Amino acid sequence: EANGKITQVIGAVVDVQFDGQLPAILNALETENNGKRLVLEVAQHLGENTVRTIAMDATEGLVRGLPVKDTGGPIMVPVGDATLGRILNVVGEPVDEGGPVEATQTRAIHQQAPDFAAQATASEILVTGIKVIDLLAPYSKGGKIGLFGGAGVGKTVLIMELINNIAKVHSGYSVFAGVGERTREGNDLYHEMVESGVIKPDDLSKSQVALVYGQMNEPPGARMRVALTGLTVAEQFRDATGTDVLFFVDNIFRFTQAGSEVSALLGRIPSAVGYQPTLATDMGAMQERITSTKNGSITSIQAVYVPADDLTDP
Amino acid sequence: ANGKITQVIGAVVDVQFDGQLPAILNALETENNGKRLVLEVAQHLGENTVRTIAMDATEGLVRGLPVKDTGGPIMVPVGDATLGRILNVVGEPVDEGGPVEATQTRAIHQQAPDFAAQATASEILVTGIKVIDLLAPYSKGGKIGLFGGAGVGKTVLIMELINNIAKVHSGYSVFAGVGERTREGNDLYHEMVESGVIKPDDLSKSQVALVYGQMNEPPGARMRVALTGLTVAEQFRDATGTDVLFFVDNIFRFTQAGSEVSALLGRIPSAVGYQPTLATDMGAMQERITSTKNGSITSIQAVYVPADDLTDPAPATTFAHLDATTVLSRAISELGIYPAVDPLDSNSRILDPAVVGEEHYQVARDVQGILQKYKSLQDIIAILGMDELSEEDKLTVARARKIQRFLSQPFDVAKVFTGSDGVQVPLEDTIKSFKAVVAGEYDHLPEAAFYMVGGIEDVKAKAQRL
Amino acid sequence: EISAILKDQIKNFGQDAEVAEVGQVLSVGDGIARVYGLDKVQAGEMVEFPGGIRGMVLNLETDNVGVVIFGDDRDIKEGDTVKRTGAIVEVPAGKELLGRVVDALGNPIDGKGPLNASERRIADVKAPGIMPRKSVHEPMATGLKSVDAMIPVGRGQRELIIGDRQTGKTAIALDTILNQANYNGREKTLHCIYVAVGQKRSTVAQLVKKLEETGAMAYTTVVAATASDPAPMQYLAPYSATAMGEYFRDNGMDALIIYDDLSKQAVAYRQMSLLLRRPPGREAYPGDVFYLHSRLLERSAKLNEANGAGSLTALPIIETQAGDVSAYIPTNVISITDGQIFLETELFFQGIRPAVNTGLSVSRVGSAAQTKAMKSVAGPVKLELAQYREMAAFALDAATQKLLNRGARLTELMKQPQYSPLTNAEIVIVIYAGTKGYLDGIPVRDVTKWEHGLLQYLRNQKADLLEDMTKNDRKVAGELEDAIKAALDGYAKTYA
Amino acid sequence: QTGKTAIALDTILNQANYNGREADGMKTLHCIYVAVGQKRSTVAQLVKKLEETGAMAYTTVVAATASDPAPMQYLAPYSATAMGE
Amino acid sequence: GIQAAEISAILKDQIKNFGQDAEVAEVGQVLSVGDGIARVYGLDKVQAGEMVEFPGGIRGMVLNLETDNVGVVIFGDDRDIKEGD
Amino acid sequence: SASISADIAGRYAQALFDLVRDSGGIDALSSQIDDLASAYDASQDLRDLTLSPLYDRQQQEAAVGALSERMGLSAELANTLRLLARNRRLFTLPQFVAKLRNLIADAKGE
Ligand SMILES: Nc1ncnc2c1ncn2[C@@H]1O[C@H](COP(=O)(O)OP(=O)(O)OP(=O)(O)O)[C@@H](O)[C@H]1O
Ligand SMILES: Nc1ncnc2c1ncn2[C@@H]1O[C@H](COP(=O)(O)OP(=O)(O)OP(=O)(O)O)[C@@H](O)[C@H]1O
Ligand SMILES: Nc1ncnc2c1ncn2[C@@H]1O[C@H](COP(=O)(O)OP(=O)(O)O)[C@@H](O)[C@H]1O
Ligand SMILES: [Mg+2]
Ligand SMILES: [Mg+2]
Ligand SMILES: [Mg+2]
């Protein structure tokens, strides 16, 4: 729509001023004249035609005066079968060094949860082919499953097999959102999936999973939005191809931590155990997009970390 | 002069005056709202502007609306005309009985009695409730506090006290509903009509005056209803030179309401988000609730305890204003023992051998002694059990558990839920009964015999029914 | 005066704004929009953003108006046009709402078209005062044996549903709604309002399906501000629903309102308060969190004949953490309502469903407002079941093994499936069976099978008897005794 | 209500024995009771107790009770300290 | 709030305008200093995180780029930095 | 509060007060403030210029210098108003006027 200029840079928070019509809150801004593509998500309208944004990458090197372009919408990432087998970030750039993600379409990572009438009046089991699960604690189609138990108890193998199995018995694909991925473990997860076949580096359409990473070394804003990114990729398979999709979120706790950090940085008075005042809406505006519509469903398995082993923690 | 509204934020309203400023505490009349809206001046902000607190809903106020200075603080009707009537915080009738045609109107703000005018009368007030009379007896024109967490029994207790004291009181009574249940107001109103303490046909014969600002009211109203009620009682204290009863359920709500406006008056918050004026706000109100050489006020104030935390600043600061404290306990109530009075956290400035007598005094200390000993054991009993106590501590446990139950008592006002006829035990009968149990004269009686009875004779009778 | 006027035309900026009825938006973020103008707007007046979204005038300040946005703030920008509506925040109300699913502002979301509301009502009205009311005396039958016998509820009462997550709080609310069909068909109705606050959308969709498939939806209004709706809408939902209930309350009719749940409403309001930078207190909730719920539940009441004899009954739901009923919000509500139904994970995790702790639960005004025939059996049940709860740490002499005998059997009678509320008449019959000994010979493991068989037997053979108990509302009469004697004797014979 | 005030009162009363014993040497001890934030009723009982005992003759009572302004209650202790110095 | 760079001495050079006076792009003047923090006017082109230099030779990192000032954290003893440096 | 307006006023008004004091202005400068204060008491004009939010700082920058007696303001008078506006605080105009007048009184006196 228009070109603005930088007025303030304080850590991961950047204020931008526009001479023209201001970008709505949640719009993606493109900071120009940098080595790497730097994106800014609008957070507030301060007045005096100035907005306050949160940065999706590091802000060292920015100068007051630098030009910024309004993309005209929230962050958009590539969606489609071309994402399967590939590794993506919050803003949809490839982080697997395998070149451009040449999809026909892109979609906004912010979106309203399914309409009331679009909801499914049914409660259906999502058969997994896994005996312990199906018999004793069956997965619900469109539901959320909390995956407890860290490393050494076959988590990664369970994730991979759920992928495989959903593809066999439902023709549905999967999406892994690594929220706060340790780079070491991101490298290993990638090669374990290639080794297990759920990823194929030759036939990208044969791949069954799209990976989205928000690495621990990225700023809070990115770690806060990655789940949405991965959620948006999965919505493509439910709505466009009527499939039953799998959406992995490792770890849901780090999703809340990022939110807490972003909220802290925007100067919002923190709540309960120092969590964001928007704790409930941050979690809820995201989780509600995971459901069974008339067209298909997104089922979600979520690694859950419990602070101080306290189940009553916010 | 007339002023104009510059700002409205909840119950806080700012008003600019072209000429003379209305002093702190003055009542202003907001024009053109449809219904009488009173604003009380809280402070002078400067630039000929004042901050005020509204006594009703501020919805519908518009910047620019005209405001009139009454030339004085909120004034309410007082005298024999208030008896049998129900008023709100700003003196308006809410009983649908027509206007209150008072010969006197009085400001709800007043100086607390002077040191030289203070009374030092120490005389017991017998309630007929065993725990209270024995361990922490009330004092005639003294200040009594009933502390309790949510649904532990504060209201039941205060109602029983009205039933046991206000009934058989010569003088007049004032009940002040502050931030509690309106339907409890409806029940109380119809209960008092039934018993005749209020009469709608002989409004002169009525013995009680009602003032209500319940939890449906906005903060300003709830923050002031207690002053309104206590102002009515001040008249009966002096202007007739008599004894007055003042009942308040729940004075906590006074402090809570003030906490709500303080957040909007621009005060920097104090502990747990409360107003920094918490102690002085309470003090300027509480110090009027007192006996003077002119007359006495016996106050019974129910005190809510946030999250059952007695160190919460509201309740913690209330203790300093009391002559007797009855602390209700959730752990006791859950054991089925009502009233749920903690016998070891309840105190009275009247429990002194020179005031209650050595027998009364000695029996109380003895009961508390054995209960405290039992308490110190309970921790060791929780894991290993009773079989690990000394043959002597087994004995204190036995008597203690019988004493715990003998402190319990069926109330008249609780018949509606218990199904047990209420009982009133005379203080003399309470001391004796408890002395006998302490001395071991009923070690042969089963525990169950002592639970939910009146005097000791009922215990033995029950021990026979079994 | 003299050296003037020339300043006007040289500047020629600001041709003519209309700032009495209109404003423009200085800034927006953290949920609140600050507006220049609106010089004649009222405190608590509804305004309209150029996007068609609604807002409430919260702060009237010297140079601006602070507005709470009923929608996503994403949709408002600096410089947007804002217009006053002249109306204090209000919603549609009336019988045209029954069967329909609406958002917090009263807008349809069911896809059955417009609401067609004739009357409208201010959402934040103060509760009726002392005089217009009178003590509750009409049953509000849940159809749950445990509740209707031991924790009886009355029309106009406020009864709390409290318990940890996954203890069956919502289920109690749903069975209560379904139960009313028995009475609403008669010619003393009970209209229902289910307020979803912060819940999952799927949960509410499944709810409406169930209401629809039972033909209970026809007398029910669903107000939905689910998890993805903005905090201000979740804050408002209950007040709006309450207004819809008041319509019935003030026209000699009766309404039931469920706030599922107030814990989440309170967190939504906390969110609004913290973003407004108001001073946080206990658990970071604003000093006026108590007041948030007090206004609301005080509007549930029983009106006297002079005001039509109508009522509004409230079932507020509260979620505790690991059974912490001393936390701030739970303690707030306990001191607002007229009693509580406590649910326990332990009971649930053991199969006692509904998971009602009859030991803790209370209902003062409701006891006196329960049916005579139920009154005749339920008193002893309460006492006995309690005494059994007092004993059962043993799980002996003679009569003590007898208490564990009845106890376990009576406990099995209090178990109940979902979506199967029972008429008062049926409930007395089954409770009478256990209290009088007619189960003592049965194996505890078969009491549920027995009860289910007994009930289908009564419905199919003795509708008339059931009808008479209902119609007459009687005690256990000598007539009803002889009739009960025959029903159970014959049934027992065919059962074994 | 553990007995804190009581220790201080009895302590004041106790000095009566030594007050007057000047030459014999066992020096006098004058008393100052500063009342801060209390009930006026409490202070009155106190003063009545001292008078009855005839201890008021050697005691100064500085009272800033619950209804007195915060700045008055803040100063009270320093004022009495000066009287002590 | 007032904000920095609204000071009597600083506002002179903004309105007066000397010869080649500007240099607000690559140079600045300390508005305020304390506790290892120097608020600096000017330096319009300095980058977030850039290491700048005080007249004493001391280094400092630009961590805060604000509308009318730069917040610099000092790698040294702040006694050697004063207003106007 | 409003007292906060004086803090800026004291500075902004002092900035120019110094330039005229040392270089040369006080005498003739008094008139500039006198005439300026006279135009500010055109209620309709004054308010519209100073207090209401008119969005564009550019729109209000030139407008300020223009509304003043294109005549009775020395270089500094034009420079100050613009800069004051540029900072989004030209609204504090009276707060500074009264301050400047006092500066003269101090420079005069007894
Ligand atoms: N003396 C008693 N005997 C038997 N039951 C009692 C007694 N007192 C209270 N209860 C029970 O405990 C509950 C609490 O009653 P009450 O209305 O006094 O609560 P409360 O804590 O006083 O409320 P509030 O905070 O409004 O003062 C009621 O359900 C009542 O049945
Ligand atoms: N040694 C004692 N023997 C008998 N009674 C005592 C003794 N000491 C104190 N008491 C009694 O304990 C009661 C409370 O003591 P005190 O007057 O010191 O209150 P306090 O501990 O200062 O608490 P508060 O701060 O609430 O006044 C008094 O009424 C007093 O009679
Ligand atoms: N009467 C009952 N019998 C069997 N299961 C029940 C009953 N009531 C509730 N449940 C179970 O409890 C679970 C949660 O119910 P819900 O009412 O949603 O509780 P909450 O509202 O506390 O989450 C459901 O899985 C349901 O099957
Ligand atoms: Mg009460
Ligand atoms: Mg629920
Ligand atoms: Mg003391």
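Positions of Cβ are backbone-derived with ideal geometry, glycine not excepted, and every protein chain shown enters the neighbour counts. Numbers and lists here come from the model and the stated rules, or from a named source; no laboratory read-out is quoted.
Just a few scattered comments:
- Residues satisfying the stated conditions in the range B:82-114, i.e. away from chain D (no Cβ under 14 Å) and among the acidic types (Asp, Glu): B:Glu92, B:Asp95, B:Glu96, B:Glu101
- Output for the range B:302-330, where each listed residue is within 14 Å of chain C (Cβ to nearest Cβ), within 16 Å of ligand 4 (Cβ to nearest atom) and among the hydroxyl-bearing types (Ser, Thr, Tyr): B:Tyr304
- Here C:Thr170, C:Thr189, C:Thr176 are screened, and the one residue that is away from chain A (no Cβ under 14 Å), more than 16 Å from ligand 2 (Cβ to nearest atom), closer than 14 Å to C:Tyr419 by Cα and surrounded by fewer than 24 Cβ atoms within 10 Å (Cβ to Cβ) is C:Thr170.
- Residue in the range C:183-194 that is in contact with a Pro (Cβ under 8 Å, 6 or more places away or on another chain), in the same structural domain as C:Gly310 (by CATH) and either more than 21 Å from C:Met140 (Cβ to Cβ) or outside any loop (DSSP other than H, G, I, E, B) (or both) present: no
- Sub-6 Å Cβ pairs linking a first residue in the range C:103-119 that is within 14 Å of chain A (Cβ to nearest Cβ) and within 15 Å of C:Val89 (Cβ to Cβ) to a second residue that is of a type in the set (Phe, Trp, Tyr) and in a loop (DSSP other than H, G, I, E, B), at least 6 apart or interchain, number zero.
- Qualifying residues in the range B:64-81 (those that are more than 16 Å from B:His109 (Cα to Cα) and touching a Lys or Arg at 6+ places or on another chain (Cβ under 8 Å)) - the one surrounded by the fewest Cβ atoms within 10 Å (Cβ to Cβ): B:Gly64
- Within the range A:1-32, tally of residues that are over 19 Å from A:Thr278 (Cβ atoms) and either more than 12 Å from every other protein chain (Cβ to nearest Cβ) or not in a loop (DSSP other than H, G, I, E, B) (or both): 19
- Residues of the range F:49-90 that turn out to be more than 10 Å from every other protein chain (Cβ to nearest Cβ), closer than 29 Å to C:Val25 by Cβ and not in a helix (DSSP H, G or I), as a count: 1
Here is a yes/no grid of residues against (1) within 30 Å of B:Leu188 (Cα to Cα); (2) in a loop (DSSP other than H, G, I, E, B); (3) away from ligand 2 (no atom under 16 Å from the Cβ):
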residue: C:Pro354; (1), (2), (3): no, yes, yes
residue: C:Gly366; (1), (2), (3): yes, no, yes
residue: C:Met391; (1), (2), (3): no, no, yes
residue: C:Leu396; (1), (2), (3): no, yes, yes
residue: C:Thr400; (1), (2), (3): no, no, yes
residue: C:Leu403; (1), (2), (3): no, no, yes
residue: C:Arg409; (1), (2), (3): no, no, yes
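- Within the range D:2-47, if we keep just the residues that are within 14 Å of chain B (Cβ to nearest Cβ) and exposed (fewer than 14 other Cβ atoms within 10 Å of the Cβ), the residue that is farthest from ligand 5 (Cβ to nearest atom) turns out to be D:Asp10.
- C:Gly310 meets all of the listed conditions (1) surrounded by fewer than 24 Cβ atoms within 10 Å (Cβ to Cβ); (2) facing another protein chain (nearest Cβ under 10 Å); (3) in contact with a strand residue (DSSP E or B) (Cβ under 8 Å, 6 or more places away or on another chain) but one, namely (2).
- The listed residues are B:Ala221, B:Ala279, B:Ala263, B:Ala257, and the only one of them that is under 18 Å from B:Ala112 (Cα atoms), out of contact with any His (no Cβ under 7 Å at 6 or more places or on another chain) and either away from chain C (no Cβ under 12 Å) or away from ligand 6 (no atom under 16 Å from the Cβ) (or both) turns out to be B:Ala279.
- With respect to the conditions (1) away from chain C (no Cβ under 14 Å); (2) surrounded by 17 or more Cβ atoms within 10 Å (Cβ to Cβ); (3) over 17 Å from the mean Cα position of the chain (by Cα), A:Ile87 lacks only one, and its number is (3).
- Residues of the range C:6-38 classified as touching a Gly at 6+ places or on another chain (Cβ under 8 Å), under 20 Å from A:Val51 (Cα atoms) and hydrophobic (A, V, I, L, M, F, W, C), total: 5
- Scope the range C:192-245; condition polar (S, T, N, Q) and either under 26 Å from C:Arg74 (Cβ atoms) or more than 10 Å from every other protein chain (Cβ to nearest Cβ) (or both); matching residues: C:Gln199, C:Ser202, C:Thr203, C:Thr214, C:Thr220, C:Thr221, C:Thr226, C:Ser228, C:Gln234, C:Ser240, C:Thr242
- In the range D:1-12, the residues that are more than 20 Å from B:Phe319 (Cα to Cα) form Cβ pairs under 7 Å with partners that are small (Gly, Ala, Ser) and more than 16 Å from ligand 1 (Cβ to nearest atom), at six or more places apart or across chains, as follows: D:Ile12/D:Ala55.
- Any hit, the range C:73-92, residues being in contact with a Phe, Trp or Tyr (Cβ under 6 Å, 6 or more places away or on another chain), closer than 17 Å to C:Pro230 by Cβ and either surrounded by 20 or more Cβ atoms within 10 Å (Cβ to Cβ) or hydroxyl-bearing (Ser, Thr, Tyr) (or both): yes
- Unmet criterion (only one of (1) out of contact with any strand residue (DSSP E or B) (no Cβ under 8 Å at 6 or more places or on another chain); (2) outside any loop (DSSP other than H, G, I, E, B); (3) farther than 19 Å from B:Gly91 by Cα) for B:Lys205: (2)
- Some residue of the range C:274-282 being away from chain B (no Cβ under 14 Å) and part of a loop (DSSP other than H, G, I, E, B): no
- Residue within the range C:139-151 that is under 18 Å from C:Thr358 (Cα atoms), within 14 Å of another protein chain (Cβ to nearest Cβ) and either within 16 Å of ligand 4 (Cβ to nearest atom) or part of a loop (DSSP other than H, G, I, E, B) (or both) present: yes
- Selection count, the range C:324-342, where residues are within 23 Å of C:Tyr285 (Cβ to Cβ) and more than 10 Å from every other protein chain (Cβ to nearest Cβ): 1
- Selection of the range C:1-26 for residues being within 14 Å of chain A (Cβ to nearest Cβ), touching an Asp or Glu at 6+ places or on another chain (Cβ under 6 Å) and surrounded by fewer than 22 Cβ atoms within 10 Å (Cβ to Cβ) yields an empty set.
- Hey, C:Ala266 more than 9 Å from every other protein chain (Cβ to nearest Cβ), part of a helix (DSSP H, G or I), crowded, with 24+ Cβ neighbours inside 10 Å and touching a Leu at 6+ places or on another chain (Cβ under 7 Å) or not: yes
- Scanning the range B:238-249 turns up at least one residue that is of a type in the set (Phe, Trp, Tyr), more than 16 Å from ligand 6 (Cβ to nearest atom) and away from chain C (no Cβ under 14 Å).
- The condition of being within 14 Å of chain C (Cβ to nearest Cβ), surrounded by 16 or more Cβ atoms within 10 Å (Cβ to Cβ), in a loop (DSSP other than H, G, I, E, B) and of a type in the set (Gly, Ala, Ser) holds for only one of A:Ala122, A:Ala117, A:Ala103, A:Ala113, that being A:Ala113.
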